[PDB]
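K.L.:
So here's work06.pdb, just PDB, C-alpha atoms:
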```pdb
ATOM      1  CA  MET A   1      -1.310 -10.540   0.962
ATOM      2  CA  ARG A   2      -2.837 -10.441  -2.595
ATOM      3  CA  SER A   3      -1.974  -9.832  -6.340
ATOM      4  CA  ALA A   4      -2.139  -6.333  -8.001
ATOM      5  CA  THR A   5      -4.610  -7.734 -10.615
ATOM      6  CA  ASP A   6      -6.985  -8.871  -7.806
ATOM      7  CA  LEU A   7      -6.516  -5.520  -5.892
ATOM      8  CA  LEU A   8      -7.325  -3.524  -9.108
ATOM      9  CA  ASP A   9     -10.534  -5.616  -9.546
ATOM     10  CA  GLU A  10     -11.304  -5.090  -5.792
ATOM     11  CA  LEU A  11     -10.947  -1.236  -6.168
ATOM     12  CA  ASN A  12     -13.550  -1.489  -9.029
ATOM     13  CA  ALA A  13     -15.749  -3.807  -6.829
ATOM     14  CA  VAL A  14     -15.839  -1.533  -3.693
ATOM     15  CA  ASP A  15     -17.776   1.797  -3.413
ATOM     16  CA  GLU A  16     -14.874   3.451  -1.432
ATOM     17  CA  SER A  17     -11.203   2.698  -0.382
ATOM     18  CA  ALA A  18     -12.328   0.765   2.804
ATOM     19  CA  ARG A  19      -8.901  -0.803   3.707
ATOM     20  CA  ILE A  20      -7.436  -0.796   0.092
ATOM     21  CA  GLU A  21      -6.097   2.544  -1.371
ATOM     22  CA  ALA A  22      -5.189   3.194  -5.109
ATOM     23  CA  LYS A  23      -2.152   5.458  -5.966
ATOM     24  CA  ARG A  24      -0.403   6.835  -9.116
ATOM     25  CA  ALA A  25       3.455   6.939  -9.625
ATOM     26  CA  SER A  26       3.363  10.809  -9.139
ATOM     27  CA  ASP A  27       1.755  10.256  -5.626
ATOM     28  CA  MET A  28       5.253   8.910  -4.523
ATOM     29  CA  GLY A  29       6.337  10.565  -1.204
ATOM     30  CA  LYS A  30       4.527  11.710   2.022
ATOM     31  CA  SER A  31       1.132  11.298   0.166
ATOM     32  CA  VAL A  32       1.808   7.488   0.296
ATOM     33  CA  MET A  33       3.349   7.622   3.824
ATOM     34  CA  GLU A  34       0.501   9.331   5.832
ATOM     35  CA  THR A  35      -1.884   6.630   4.397
ATOM     36  CA  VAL A  36       0.525   3.880   5.769
ATOM     37  CA  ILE A  37       0.323   5.575   9.276
ATOM     38  CA  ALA A  38      -3.543   5.426   8.954
ATOM     39  CA  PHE A  39      -3.326   1.533   8.838
ATOM     40  CA  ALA A  40      -0.320   1.230  11.302
ATOM     41  CA  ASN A  41      -2.236   2.949  14.207
ATOM     42  CA  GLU A  42      -5.270   0.556  13.734
ATOM     43  CA  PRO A  43      -5.800  -2.158  16.517
ATOM     44  CA  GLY A  44      -6.841  -5.452  14.756
ATOM     45  CA  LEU A  45      -6.803  -4.190  11.057
ATOM     46  CA  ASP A  46      -3.571  -6.087  10.035
ATOM     47  CA  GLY A  47      -3.578  -6.494   6.186
ATOM     48  CA  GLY A  48      -4.202  -3.022   4.656
ATOM     49  CA  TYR A  49      -3.291  -2.615   0.927
ATOM     50  CA  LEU A  50      -1.820   0.398  -0.967
ATOM     51  CA  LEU A  51      -1.629  -0.328  -4.759
ATOM     52  CA  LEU A  52       0.999   1.870  -6.564
ATOM     53  CA  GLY A  53       0.967   2.175 -10.418
ATOM     54  CA  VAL A  54      -2.827   2.644 -10.848
ATOM     55  CA  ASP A  55      -4.634   5.268 -12.987
ATOM     56  CA  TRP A  56      -8.414   6.045 -13.055
ATOM     57  CA  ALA A  57     -10.827   7.514 -15.661
ATOM     58  CA  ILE A  58     -13.969   9.643 -14.954
ATOM     59  CA  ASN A  59     -17.215   8.879 -16.910
ATOM     60  CA  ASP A  60     -20.056  11.433 -17.666
ATOM     61  CA  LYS A  61     -21.857   9.924 -14.577
ATOM     62  CA  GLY A  62     -18.884  11.121 -12.416
ATOM     63  CA  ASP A  63     -17.774   7.439 -12.170
ATOM     64  CA  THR A  64     -14.212   6.242 -11.209
ATOM     65  CA  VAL A  65     -12.872   3.268 -13.299
ATOM     66  CA  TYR A  66      -9.456   1.874 -12.082
ATOM     67  CA  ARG A  67      -7.043   0.773 -14.892
ATOM     68  CA  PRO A  68      -3.331  -0.471 -14.874
ATOM     69  CA  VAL A  69      -0.435   1.826 -16.054
ATOM     70  CA  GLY A  70       2.455   0.540 -13.897
ATOM     71  CA  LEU A  71       5.621   2.110 -12.425
ATOM     72  CA  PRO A  72       8.384   4.009 -14.509
ATOM     73  CA  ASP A  73      10.949   1.869 -12.570
ATOM     74  CA  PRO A  74       9.255  -1.155 -10.701
ATOM     75  CA  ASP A  75      12.252  -2.037  -8.438
ATOM     76  CA  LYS A  76      13.298   1.589  -7.571
ATOM     77  CA  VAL A  77       9.742   2.519  -6.301
ATOM     78  CA  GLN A  78       9.909  -0.538  -3.902
ATOM     79  CA  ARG A  79      13.507   0.540  -2.836
ATOM     80  CA  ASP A  80      12.609   4.260  -2.162
ATOM     81  CA  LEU A  81       9.357   3.374  -0.261
ATOM     82  CA  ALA A  82      11.352   1.038   2.108
ATOM     83  CA  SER A  83      13.782   3.998   2.743
ATOM     84  CA  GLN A  84      10.753   6.337   3.395
ATOM     85  CA  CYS A  85       9.102   3.913   5.887
ATOM     86  CA  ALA A  86      12.441   3.374   7.776
ATOM     87  CA  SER A  87      13.696   7.059   7.837
ATOM     88  CA  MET A  88      10.466   9.228   8.085
ATOM     89  CA  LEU A  89       9.002   7.221  11.041
ATOM     90  CA  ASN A  90      10.577   7.168  14.598
ATOM     91  CA  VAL A  91      11.279   3.382  14.152
ATOM     92  CA  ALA A  92      12.322   1.355  11.044
ATOM     93  CA  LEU A  93       8.998  -0.049   9.657
ATOM     94  CA  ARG A  94       9.101  -2.662   6.797
ATOM     95  CA  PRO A  95       6.019  -2.620   4.448
ATOM     96  CA  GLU A  96       5.942  -6.033   2.648
ATOM     97  CA  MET A  97       6.085  -4.951  -1.058
ATOM     98  CA  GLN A  98       5.759  -7.242  -4.182
ATOM     99  CA  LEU A  99       5.860  -6.484  -7.957
ATOM    100  CA  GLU A 100       2.788  -7.941  -9.831
ATOM    101  CA  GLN A 101       2.011  -7.557 -13.606
ATOM    102  CA  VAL A 102      -1.547  -6.537 -14.760
ATOM    103  CA  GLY A 103      -2.152  -6.415 -18.593
ATOM    104  CA  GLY A 104       1.637  -6.015 -19.262
ATOM    105  CA  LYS A 105       1.951  -3.145 -16.676
ATOM    106  CA  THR A 106       4.097  -3.643 -13.466
ATOM    107  CA  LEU A 107       2.325  -2.555 -10.198
ATOM    108  CA  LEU A 108       3.427  -2.619  -6.477
ATOM    109  CA  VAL A 109       1.334  -4.396  -3.797
ATOM    110  CA  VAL A 110       2.194  -2.588  -0.519
ATOM    111  CA  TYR A 111       1.109  -5.014   2.237
ATOM    112  CA  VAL A 112       0.829  -3.159   5.582
ATOM    113  CA  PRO A 113       0.540  -5.619   8.589
ATOM    114  CA  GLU A 114      -0.377  -4.179  12.047
ATOM    115  CA  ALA A 115       2.554  -2.741  14.065
ATOM    116  CA  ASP A 116       3.374  -4.213  17.584
ATOM    117  CA  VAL A 117       2.296  -2.498  20.919
ATOM    118  CA  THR A 118       5.827  -0.905  21.556
ATOM    119  CA  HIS A 119       6.194   0.120  17.893
ATOM    120  CA  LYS A 120       3.139   1.503  17.555
ATOM    121  CA  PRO A 121       3.258   5.034  18.756
ATOM    122  CA  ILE A 122       4.369   5.490  15.078
ATOM    123  CA  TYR A 123       4.799   9.321  15.214
ATOM    124  CA  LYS A 124       6.279  11.363  12.324
ATOM    125  CA  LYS A 125       9.682  13.137  12.987
ATOM    126  CA  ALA A 126       8.393  16.166  10.926
ATOM    127  CA  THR A 127       5.387  18.620  10.877
ATOM    128  CA  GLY A 128       2.319  16.475   9.924
ATOM    129  CA  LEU A 129      -0.546  15.336  12.260
ATOM    130  CA  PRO A 130      -2.310  12.037  11.031
ATOM    131  CA  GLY A 131      -6.140  12.656  11.176
ATOM    132  CA  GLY A 132      -8.802   9.908  11.674
ATOM    133  CA  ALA A 133     -10.286   7.247  14.034
ATOM    134  CA  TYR A 134     -11.145   4.189  11.828
ATOM    135  CA  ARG A 135     -12.790   3.310   8.441
ATOM    136  CA  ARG A 136     -15.442   0.506   8.289
ATOM    137  CA  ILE A 137     -13.951  -2.624   6.547
ATOM    138  CA  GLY A 138     -15.897  -3.851   3.454
ATOM    139  CA  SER A 139     -13.955  -6.788   1.909
ATOM    140  CA  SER A 140     -11.566  -8.941   4.084
ATOM    141  CA  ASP A 141      -8.226 -10.742   3.276
ATOM    142  CA  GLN A 142      -5.632 -12.711   5.380
ATOM    143  CA  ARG A 143      -4.157 -14.937   2.547
ATOM    144  CA  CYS A 144      -0.490 -14.466   3.694
ATOM    145  CA  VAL A 145       2.403 -16.361   1.965
ATOM    146  CA  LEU A 146       6.142 -16.005   2.958
ATOM    147  CA  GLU A 147       9.343 -16.493   0.855
ATOM    148  CA  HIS A 148      13.041 -15.727   1.708
ATOM    149  CA  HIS A 149      13.817 -14.521  -1.919
ATOM    150  CA  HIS A 150      17.462 -13.392  -1.322
ATOM    151  CA  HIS A 151      19.723 -11.887  -4.076
ATOM    152  CA  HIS A 152      23.563 -11.790  -3.496
ATOM    153  CA  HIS A 153      26.695 -10.354  -5.256
TER     154      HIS A 153
END
```
For this file, write the structure as structure tokens.

P.N.:
Amino acid sequence: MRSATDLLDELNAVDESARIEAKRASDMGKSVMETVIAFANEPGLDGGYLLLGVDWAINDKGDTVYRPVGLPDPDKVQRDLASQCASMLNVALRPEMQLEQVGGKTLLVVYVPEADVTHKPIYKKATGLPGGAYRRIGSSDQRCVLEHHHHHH
């Protein structure tokens, strides 16, 4: 895994979204979900990043500069996306999601590890065929930390 501040910098560093995608709060839904399937079906590409709460500005060159704007409700975006990834897919898939602040804006790091052999065949239970084979990896990351951060009431 990886911070949203470092992912935002990495989006600016890379020429194209190699294994790290950038997404706005309005992109929330199947537009996020088909991109998750595109990392889940990949053999040996464990550690694909989707960064939610990012905006981008186009220069006169036709250049894409990635800036922080954050989520309208940080927690609720992480709650809904867990529901999406459990209910839309044939099996309950957990994307490891963490809230990270960049310049006073709250963003969501969606860490997608590789699915197992059995779960894979991650097929959609609705009309929507996932297109692709593989995208060549530019920058690499495997800096994975765990924490059992449990809230109770």

K.L.:
Selection in question (the file shown): the PyMOL selection byres ((chain A and resi 49-57) around 7). Which residues does it include, as a PDB file with C-alpha atoms, in the frame of the given file?

P.N.:
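This is the output file result.pdb:
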```
ATOM      1  CA  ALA A   4      -2.139  -6.333  -8.001  1.00  0.00           C
ATOM      2  CA  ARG A  19      -8.901  -0.803   3.707  1.00  0.00           C
ATOM      3  CA  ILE A  20      -7.436  -0.796   0.092  1.00  0.00           C
ATOM      4  CA  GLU A  21      -6.097   2.544  -1.371  1.00  0.00           C
ATOM      5  CA  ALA A  22      -5.189   3.194  -5.109  1.00  0.00           C
ATOM      6  CA  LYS A  23      -2.152   5.458  -5.966  1.00  0.00           C
ATOM      7  CA  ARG A  24      -0.403   6.835  -9.116  1.00  0.00           C
ATOM      8  CA  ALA A  25       3.455   6.939  -9.625  1.00  0.00           C
ATOM      9  CA  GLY A  47      -3.578  -6.494   6.186  1.00  0.00           C
ATOM     10  CA  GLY A  48      -4.202  -3.022   4.656  1.00  0.00           C
ATOM     11  CA  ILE A  58     -13.969   9.643 -14.954  1.00  0.00           C
ATOM     12  CA  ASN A  59     -17.215   8.879 -16.910  1.00  0.00           C
ATOM     13  CA  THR A  64     -14.212   6.242 -11.209  1.00  0.00           C
ATOM     14  CA  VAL A  65     -12.872   3.268 -13.299  1.00  0.00           C
ATOM     15  CA  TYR A  66      -9.456   1.874 -12.082  1.00  0.00           C
ATOM     16  CA  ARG A  67      -7.043   0.773 -14.892  1.00  0.00           C
ATOM     17  CA  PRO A  68      -3.331  -0.471 -14.874  1.00  0.00           C
ATOM     18  CA  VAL A  69      -0.435   1.826 -16.054  1.00  0.00           C
ATOM     19  CA  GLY A  70       2.455   0.540 -13.897  1.00  0.00           C
ATOM     20  CA  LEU A  71       5.621   2.110 -12.425  1.00  0.00           C
ATOM     21  CA  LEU A 107       2.325  -2.555 -10.198  1.00  0.00           C
ATOM     22  CA  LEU A 108       3.427  -2.619  -6.477  1.00  0.00           C
ATOM     23  CA  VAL A 109       1.334  -4.396  -3.797  1.00  0.00           C
ATOM     24  CA  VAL A 110       2.194  -2.588  -0.519  1.00  0.00           C
ATOM     25  CA  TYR A 111       1.109  -5.014   2.237  1.00  0.00           C
ATOM     26  CA  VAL A 112       0.829  -3.159   5.582  1.00  0.00           C
TER      27      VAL A 112
END
```

K.L.:
Closest to residue 101 (chain A) among A:26, A:80, A:74, A:140, using all atoms listed in the file?

P.N.:
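Of A:26, A:80, A:74, A:140, the one nearest residue 101 (chain A), counting all atoms listed in the file, is A:74.
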
K.L.:
Using only C-alpha atoms, find the one residue out of A:129, A:144, A:137, A:40 that sits nearest to residue 93 (chain A).

P.N.:
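Looking only at the distances to residue 93 (chain A), the closest residue turns out to be A:40.
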
K.L.:
Can you turn the PyMOL selection byres ((chain A and resi 43) around 10) into a concrete residue list for this file, as a list in words?

P.N.:
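After applying the PyMOL selection byres ((chain A and resi 43) around 10), what remains is residues 39, 40, 41, 42, 44, 45, 46, 114, 115, 116, 117, 120 and 134 of chain A.
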
K.L.:
Write the residues of the preceding selection, restricted to C-alpha atoms, as a PDB file, in the frame of the given file.

P.N.:
```pdb
ATOM      1  CA  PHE A  39      -3.326   1.533   8.838  1.00  0.00           C
ATOM      2  CA  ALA A  40      -0.320   1.230  11.302  1.00  0.00           C
ATOM      3  CA  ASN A  41      -2.236   2.949  14.207  1.00  0.00           C
ATOM      4  CA  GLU A  42      -5.270   0.556  13.734  1.00  0.00           C
ATOM      5  CA  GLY A  44      -6.841  -5.452  14.756  1.00  0.00           C
ATOM      6  CA  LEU A  45      -6.803  -4.190  11.057  1.00  0.00           C
ATOM      7  CA  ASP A  46      -3.571  -6.087  10.035  1.00  0.00           C
ATOM      8  CA  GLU A 114      -0.377  -4.179  12.047  1.00  0.00           C
ATOM      9  CA  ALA A 115       2.554  -2.741  14.065  1.00  0.00           C
ATOM     10  CA  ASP A 116       3.374  -4.213  17.584  1.00  0.00           C
ATOM     11  CA  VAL A 117       2.296  -2.498  20.919  1.00  0.00           C
ATOM     12  CA  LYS A 120       3.139   1.503  17.555  1.00  0.00           C
ATOM     13  CA  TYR A 134     -11.145   4.189  11.828  1.00  0.00           C
TER      14      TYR A 134
END
```

K.L.:
Smallest atom-to-atom distance to residue 145 (chain A): which of A:99, A:38, A:85, A:1, using all atoms listed in the file?

P.N.:
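Of all the options, A:1 lies closest to residue 145 (chain A).
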
K.L.:
With all atoms listed in the file as the atoms that count, which of A:133, A:8, A:146, A:82 lies nearest to residue 105 (chain A)?

P.N.:
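With all atoms listed in the file as the atom set, the closest residue is A:8.
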
K.L.:
Please determine an axis-aligned box that encloses all atoms of region 108-126 of chain A listed in the file, with 8 Å added on each side, and express its centre and edge lengths in Å to one decimal as JSON.

P.N.:
```
{"center_x": 4.7, "center_y": 5.3, "center_z": 7.5, "size_x": 26.1, "size_y": 37.8, "size_z": 44.0}
```

K.L.:
What's the separation between CA of residue 89 (chain A) and CA of residue 124 (chain A), in Å to one decimal place?

P.N.:
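Between CA of residue 89 (chain A) and CA of residue 124 (chain A) the gap is 5.1 Å.
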
K.L.:
List the spatial neighbours of residue 29 (chain A) as a list in words - criterion: any atom at most 8 Å away, all atoms listed in the file, same-chain residues fewer than 4 positions off excluded.

P.N.:
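Everything that qualifies: residues 33, 81 and 84 of chain A.
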